[PDB]
Protein chains: 2
Amino acid sequence: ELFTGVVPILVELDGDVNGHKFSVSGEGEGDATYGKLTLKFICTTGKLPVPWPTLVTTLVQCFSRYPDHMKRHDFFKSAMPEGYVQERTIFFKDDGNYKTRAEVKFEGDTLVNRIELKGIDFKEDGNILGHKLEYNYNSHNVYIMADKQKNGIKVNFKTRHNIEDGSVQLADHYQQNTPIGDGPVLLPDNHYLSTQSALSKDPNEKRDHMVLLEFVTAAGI
Amino acid sequence: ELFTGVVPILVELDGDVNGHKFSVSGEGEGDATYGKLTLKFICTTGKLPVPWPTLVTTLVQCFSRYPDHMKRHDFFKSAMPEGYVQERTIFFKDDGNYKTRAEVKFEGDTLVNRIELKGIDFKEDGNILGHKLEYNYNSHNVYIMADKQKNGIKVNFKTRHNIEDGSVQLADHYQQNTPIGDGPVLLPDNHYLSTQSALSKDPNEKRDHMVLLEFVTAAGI
């Protein structure tokens with residue numbers, strides 16, 4: 001009954017992309033019984049130096065809806081409340097790469113996601129820094145696998161980002177998750193997450209931000 | 001001030017796909033000042049004989065957010081309250097094709113969308129009838145153009161539908177809109193609509209349905 005209701009989420013990221021240091025904080029809530037996510041991200045340092053969509057995947061998979069015949073496959077919630085560490089290396093096709101380490105654990109009643117992001121090799125004439133990315137998101141398949149020795153999961157998927165000239169900027173994600181606690185955790189069979197996201201703005205918010213709605217459900221078994 | 005607030009939407013579709021006759025009714029509301037859409041679709045005849053996502057585009061572009069420097073390009077709202085007729089022919093790659101005629105006009109305080117859909121040539125071993133389509137949606141670009149002689153717009157875009165085996169079912173849309181009223185209407189310059197949609201289910205709804213959230217904003221000028 002940790003995720004049986006509506007859970008408050010808090011997100012804090014500190015980033016450095018090509019020297020441009022910045023910070024983002026996010027508040028929202030999630031309902032795992034429905035896989036729904038609702039978060040609001042404010043750039044606490046002023047203007048975000050990278051497109052808001054490139055940070056969607058970095059800014060809580062434990063809120064996925066795992067139908068009941070797939071519950072022994074839910075590593076994410078099996079690691080709670082102590083948590084898990086999520087590390088990734090994201091390669092944006094023909095551009096830079098992000099490196100992120102995050103700790104997501106319950107801190108009281110709130111599920112917290114703290115991250116450190118470092119981006120490098122970003123072209124100034126590229127879509128990322130050139131801010132050529134459109135403000136929206138598509139649906140992707142997130143493929144999971146149990147990582148035996150490490151006692152975790154290896155996740156890996158590709159993301160499609162639309163550019164204003166119609167084209168699509170692809171981003172290769174290489175992900176890993178290992179629990180923080182020393183207790184046993186569910187290693188799952190191979191399977192995937194089906195995610196759908198929609199970005200918008202708050203009509204009454206003055207600060208740079210992104211409003212994100214997201215629906216994620218587990219599948220493949 | 002027709003679309004300056006929150007407008008109640010009502011949708012009614014009658015369909016025939018390969019002989020399978022069915023009906024859908026939808027209620028929701030839209031806020032054009034924000035391009036937000038929120039609708040709930042119930043299949044009034046029982047079980048929908050085609051995947052719910054193949055009907056998203058058929059089931060109200062006048063709710064698009066048109067930034068203010070693009071207002072003379074908003075044909076959709078320039079045709080109100082009398083309305084416009086939307087006709088389409090949608091070709092699903094290597095499968096059948098839908099034909100739809102719809103009338104969308106204001107009937108009182110409610111913006112109404114009545115449609116007649118006819119689908120044919122659908123493979124039973126195809127993704128459509130074989131119900132192999134995943135329950136989600138991506139973002140697309142809807143390209144508009146003024147149709148001179150006809151006094152309307154010719155719209156045309158392609159849609160991507162994810163299948164459960166990862167792959168993507170493409171759908172080619174050929175669209176036309178002509179006002180119903182005899183009064184002048186805004187013909188616009190070439191431009192496009194950026195749409196994002198997310199599908200979900202009502203936890204308390206027993207009947208076959210689809211819950212859709214959508215954000216659309218105009219761009220290209």
Side-chain angles (χ1 to χ4, degrees), chain A residues 131-136 162-167 198-203, chain B residues 2-9 11 28-39 57-88 101-113 139-159 173-197 214-221:
Chain A
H131 272 252
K132 308 182 175 184
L133 256 50
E134 227 151 36
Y135 192 79
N136 50 38
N162 294 190
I163 322 306
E164 58 205 15
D165 80 291
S167 43
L199 329 185
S200 74
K201 265 100 170 51
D202 190 334
Chain B
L2 204 49
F3 296 88
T4 45
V6 171
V7 176
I9 298 169
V11 172
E29 57 184 42
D31 196 337
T33 298
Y34 301 128
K36 200 214 274 215
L37 273 203
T38 297
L39 286 292
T57 59
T58 294
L59 270 356
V60 127
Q61 311 160 303
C62 47
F63 286 97
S64 318
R65 179 176 76 88
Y66 266 82
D68 30 296
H69 65 270
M70 279 183 98
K71 298 199 147 305
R72 58 178 182 96
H73 299 278
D74 205 337
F75 166 78
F76 304 114
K77 299 183 194 71
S78 90
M80 296 299 162
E82 292 167 272
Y84 56 71
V85 164
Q86 185 155 298
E87 308 177 82
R88 288 210 181 96
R101 191 212 211 246
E103 280 197 348
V104 9
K105 61 195 199 273
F106 263 97
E107 301 186 32
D109 66 332
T110 301
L111 188 284
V112 174
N113 185 11
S139 293
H140 310 109
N141 295 120
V142 164
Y143 294 94
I144 322 274
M145 281 168 279
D147 179 300
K148 271 321 89 157
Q149 87 287 5
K150 304 296 173 191
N151 190 60
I153 61 185
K154 267 184 171 157
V155 179
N156 142 91
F157 57 107
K158 232 177 230 68
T159 234
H173 291 68
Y174 291 88
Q175 184 190 319
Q176 183 185 224
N177 292 80
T178 64
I180 295 186
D182 329 287
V185 119
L186 294 177
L187 270 55
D189 284 348
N190 281 12
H191 72 286
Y192 68 91
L193 300 185
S194 193
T195 74
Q196 304 178 57
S197 309
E214 194 171 278
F215 289 97
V216 193
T217 79
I221 290 175

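The sequence lines fix the lettering, A, B, ..., with proteins before strands; numbering per chain opens at 1.
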With sequence neighbours excluded, what pairs up with [X] under the side chain to side chain contact (heavy atoms under 4.5 Å, CB included) test?
{"X": "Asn190(B)", "answer": "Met145(B)"}
{"X": "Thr159(B)", "answer": "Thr57(B), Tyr137(B), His140(B), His161(B), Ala171(B), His173(B)"}
{"X": "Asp109(B)", "answer": "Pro8(B)"}
{"X": "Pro67(B)", "answer": "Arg65(B), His69(B), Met70(B), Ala218(B)"}

TODO: Enumerate the residue pairs fulfilling salt bridge (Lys or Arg N to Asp or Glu O under 4.0 Å) with a member in residues 139-159 of chain B, sequence neighbours excluded, ordered by first and then second residue.
DONE: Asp147(B)-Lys154(B), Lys158(B)-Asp172(B)
- [ ] Under the side-chain contact (heavy atoms from CB on, under 4.5 Å) rule, what do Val7(B) and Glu29(B) come out as? Steps first, then yes or no, please.
- [x] CA-CA 5 Å; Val7(B) 176; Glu29(B) 57 184 42; over 6 Å; no
- [ ] Sequence neighbours left out, what passes ring-ring contact (aromatic ring centres under 6.0 Å, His included) with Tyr66(B)? Give chain and number order.
- [x] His191(B)
TODO: Please name all residues satisfying ring-ring contact (aromatic ring centres under 6.0 Å, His included) with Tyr143(B), sequence neighbours left out, ordered by chain then number.
DONE: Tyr192(B)
Task: Set of residues satisfying salt bridge (charged side-chain N to carboxylate O under 4.0 Å, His left out) with respect to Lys36(B), sequence neighbours excluded - done: none
Open item on the list: If the condition is salt bridge (charged side-chain N to carboxylate O under 4.0 Å, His left out), which residues does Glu164(A) pass it with, not counting sequence neighbours?
Closed with: none
If you look at every heavy atom in [X] and [Y], which pair is closest and at what distance?
{"X": "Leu37(B)", "Y": "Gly30(B)", "result": "CD2-CA, 3.6 Å"}
{"X": "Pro81(B)", "Y": "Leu2(B)", "result": "N-CD2, 3.8 Å"}
{"X": "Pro188(B)", "Y": "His73(B)", "result": "CB-O, 3.3 Å"}
{"X": "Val104(B)", "Y": "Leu111(B)", "result": "CG2-CD1, 3.8 Å"}
{"X": "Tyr84(B)", "Y": "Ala79(B)", "result": "CD2-CB, 3.9 Å"}
{"X": "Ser200(A)", "Y": "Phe215(B)", "result": "CB-CE2, 3.8 Å"}

Task: CA sep, side-chain torsions, deciding dist, call: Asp68(B), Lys71(B), side-chain contact (heavy atoms from CB on, under 4.5 Å) - done: CA-CA 5 Å; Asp68(B) 30 296; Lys71(B) 298 199 147 305; 3.7 Å; yes
Task: Residues that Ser167(A) engages under side-chain hydrogen bond (donor to acceptor under 3.5 Å, both in side chains), provided they are two or more places apart - done: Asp165(A)
Open item on the list: Checking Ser197(B) now: which residues fulfil side-chain hydrogen bond (donor to acceptor under 3.5 Å, both in side chains) with it, not counting sequence neighbours?
Closed with: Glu214(B)
Decide yes or no for [X] and [Y]: does some side-chain heavy atom of the first lie under 4.5 Å from some side-chain heavy atom of the second?
{"X": "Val155(B)", "Y": "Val142(B)", "result": "yes"}
{"X": "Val85(B)", "Y": "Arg101(B)", "result": "yes"}
{"X": "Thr110(B)", "Y": "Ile9(B)", "result": "no"}

Open item on the list: One pair to check against salt bridge (charged side-chain N to carboxylate O under 4.0 Å, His left out): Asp74(B) and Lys77(B). What are the steps and the verdict?
Closed with: CA-CA 6 Å; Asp74(B) 205 337; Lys77(B) 299 183 194 71; 2.8 Å; yes
Open item on the list: Could you walk me through whether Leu133(A) and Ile163(A) satisfy the side-chain contact (heavy atoms from CB on, under 4.5 Å) test, starting with their C-alpha distance in whole Å, then the side-chain angles of each, then the deciding distance to 0.1 Å, before giving a yes or no?
Closed with: CA-CA 5 Å; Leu133(A) 256 50; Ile163(A) 322 306; 3.3 Å; yes
Using 0.5 Å steps for rounding, measure from the [atom1] atom of [X] to the [atom2] atom of [Y].
{"X": "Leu39(B)", "Y": "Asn113(B)", "atom1": "CG", "atom2": "CG", "answer": "9.0 Å"}
{"X": "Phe75(B)", "Y": "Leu186(B)", "atom1": "CZ", "atom2": "CG", "answer": "9.0 Å"}
{"X": "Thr195(B)", "Y": "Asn141(B)", "atom1": "OG1", "atom2": "CG", "answer": "7.5 Å"}

Open item on the list: Ring centres under 6.0 Å, that's the criterion: do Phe3(B) and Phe106(B) meet it?
Closed with: yes
Donor-acceptor pairs under 3.5 Å, side chain of residues 174-182 of chain B to any protein atom, not counting sequence neighbours: which ones?
residue, atom, partner, partner atom, Å
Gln175(B), OE1, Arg88(B), NE, 2.9
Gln175(B), OE1, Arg88(B), NH2, 2.9
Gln175(B), NE2, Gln61(B), OE1, 3.2
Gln175(B), NE2, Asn177(B), OD1, 2.7
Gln176(B), NE2, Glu87(B), OE2, 2.7
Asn177(B), ND2, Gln86(B), OE1, 3.0

- [ ] Report yes or no: do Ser194(B) and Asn136(A) form a side-chain donor-acceptor pair below 3.5 Å?
- [x] yes
Open item on the list: Could you walk me through whether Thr217(B) and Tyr34(B) satisfy the side-chain contact (heavy atoms from CB on, under 4.5 Å) test, starting with their C-alpha distance in whole Å, then the side-chain angles of each, then the deciding distance to 0.1 Å, before giving a yes or no?
Closed with: CA-CA 8 Å; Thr217(B) 79; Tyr34(B) 301 128; over 6 Å; no
- [ ] Could you walk me through whether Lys201(A) and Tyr135(A) pass side chain to side chain donor-acceptor pair (under 3.5 Å), step by step?
- [x] CA-CA 10 Å; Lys201(A) 265 100 170 51; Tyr135(A) 192 79; 3.3 Å; yes
